[PDB]
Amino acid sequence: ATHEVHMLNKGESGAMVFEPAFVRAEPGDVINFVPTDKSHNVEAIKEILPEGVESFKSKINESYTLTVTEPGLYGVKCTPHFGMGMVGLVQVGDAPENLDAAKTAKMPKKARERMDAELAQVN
């Protein structure tokens, strides 16, 4: 299955946001990170990634197509807006092993607040 996440200046969820901020996927799924507005990208939060998953960083304003082969939690940020809390979360498969890592990973205050909100969706 394929999923889409938008990068936005302003949504219902606030300023500098990924929407949806949480994606539930299965191994082999595709996630498309697509700008709604200019100025954004997507980059892996290294401390919120499954084992063996390479970091990634898209170019500003480009759609980025991520295949989530490995199960677990994938945290993402927008590079210039990380401090403004622009973060998202993808859960791939059941019972993610890196839940604790995601709860404790160091990041800017607003990013941690939004990541904590996203973590509430883990199922």
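All residue numbers are counted from 1 along the displayed sequence.
Chemist: Which has higher Cα B-factors on average according to the PDB entry: 104-112 or 6-14?
Modeler: Averaging CA B-factors over each stretch, the winner is 104-112.
Chemist: Averaging C-alpha B-factors over each stretch, which comes out higher, 74-82 or 46-54?
Modeler: Comparing 74-82 with 46-54, the higher mean C-alpha B-factor belongs to 46-54.
Chemist: From the list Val34, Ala95, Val87, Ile31, select the residue with the highest C-alpha B factor recorded in the entry.
Modeler: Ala95 has the highest C-alpha B-factor of those listed.
Chemist: Within this chain, which third does the Cα B-factor at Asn41 fall in: lowest, middle or highest?
Modeler: Its C-alpha B-factor belongs to the lowest third of this chain's values.
Chemist: Would you mind checking where the Cα B-factor of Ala25 ranks among the modelled residues of its chain, as the lowest, middle or highest third?
Modeler: Its C-alpha B-factor belongs to the middle third of this chain's values.
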